[PDB]
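Novice: this one's experimental. Sequence and coordinates below.
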Amino acid sequence: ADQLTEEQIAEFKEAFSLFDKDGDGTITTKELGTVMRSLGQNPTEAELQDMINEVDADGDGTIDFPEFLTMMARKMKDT
Ligand SMILES: [Ca+2]
């Protein structure tokens, strides 16, 4: 896929459902911290605030399908 975007999108598609708490197609800082919790963890929208702002490319302070995709992808990059 060049960026394992295919295999990812696949899951990201079904996952998006979860990631999208509000269900407005947009993943709010909360929506992000929400999922994380489902992973047992218990992060704060604050810490995630720095992330959302980071991932947020369009510029505003929120995530999205294409936005998050980058986050996750770039996630493995960092590591
Ligand atoms: Ca955004």
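Specialist: Nice, thanks for sending it over. Numbers count the residues shown, from 1 in each chain.

Novice: which residues of the chain lie near the ion?
Specialist: Contact residues (CB under 5 Å from the ion) of the chain with the ion: 56, 60, 62. Heads up, the C-betas are built off the backbone N, CA and C, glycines and all.

Novice: quick one, strands of this structure?
Specialist: 26-27, 63-64 (DSSP state E).

Novice: single out the most deeply packed of those strands.
Specialist: Among the strands of the chain, strand 63-64 has the highest mean neighbour count (mean count of other CB atoms under 10 Å), at a mean of 24.

Novice: other SSEs contacting that one?
Specialist: Contacts defined by 3 or more CB pairs under 8 Å, 6 or more residues apart in numbering; DSSP states H and E place strand 63-64 against strand 26-27, helix 29-38.

Novice: show residues contacting the shortest one.
Specialist: Okay, so that is strand 26-27. Here strand 26-27 makes contact (CB atoms under 8 Å, 6 or more residues apart in numbering) with 19-21, 62-65, 67-68.

Novice: repeat for the last one
Specialist: Outside of helix 29-38, the residues within contact range by CB under 8 Å, 6+ apart are 18-22, 42-45, 47-49, 51-52, 61-63, 68.

Novice: enumerate every residue touching whichever residue of the chain sits closest to the ion.
Specialist: Nearest to the ion in the chain, going by CB to the ion, is residue 62, at a distance of 3.3 Å. Contact analysis of residue 62 by CB under 8 Å, 6+ apart lists 26-29, 52, 56.
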